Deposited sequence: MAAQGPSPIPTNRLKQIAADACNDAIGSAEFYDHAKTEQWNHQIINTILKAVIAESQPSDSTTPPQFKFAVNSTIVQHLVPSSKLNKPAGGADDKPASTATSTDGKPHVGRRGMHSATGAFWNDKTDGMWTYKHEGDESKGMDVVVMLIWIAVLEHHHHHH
């Protein structure tokens, strides 16, 4: 079980979709030499936005953001990710998001947010 998200999930989905397209919206394909700056950008954007939009007073959450850029398989599945936790089921939680590329894009993004109260 999980605690209520400190930011509505629909807001999160758009903080996340926006951070992703900002970083990789103009990319033509997967380029491994750029993935580190791409993730650097994606994580910082999401983190800044959730810190900002979660607090009115002191900060009351710890946040962790994980981002994974994954190259598509060559066209004519192959990876599964999951998270378990031992936290406070009434205050703490996680949210995940897949930015799914089409065939021309050649890459997906997988984002996870974890929040820990106080």
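Participant: Write out the missing regions of the deposited sequence in sequence order, one range per stretch.
Facilitator: Those parts of the chain that were deposited but carry no coordinates are 1-2, 59-62, 83-111, 154-161.
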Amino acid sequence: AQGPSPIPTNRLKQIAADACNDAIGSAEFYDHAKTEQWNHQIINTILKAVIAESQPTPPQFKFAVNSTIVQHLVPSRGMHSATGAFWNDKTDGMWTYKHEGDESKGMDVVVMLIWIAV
From here on, numbers count along this sequence of modelled residues.
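Participant: Going by the mean C-alpha B-factor recorded in the entry, which is higher: 99-107 or 6-14?
Facilitator: That would be 6-14.
Participant: Between 83-91 and 59-67, point out the one with the higher average CA B-factor as the PDB entry records it.
Facilitator: Higher of the two, by average CA B-factor, is 59-67.
Participant: Highest Cα B-factor in the PDB entry belongs to which of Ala27, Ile42, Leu73, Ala49?
Facilitator: The listed residue with the largest C-alpha B-factor is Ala49.
Participant: Ranking every modelled residue in this chain by its Cα temperature factor as given in the entry, which third contains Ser54?
Facilitator: For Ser54, whose C-alpha B-factor we compare with every modelled residue in the chain, the answer is the highest third.
Participant: Test of reading the entry: by CA B factor among the chain's modelled residues, which third contains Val118?
Facilitator: For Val118, the deposited C-alpha B-factor lands in the highest third.
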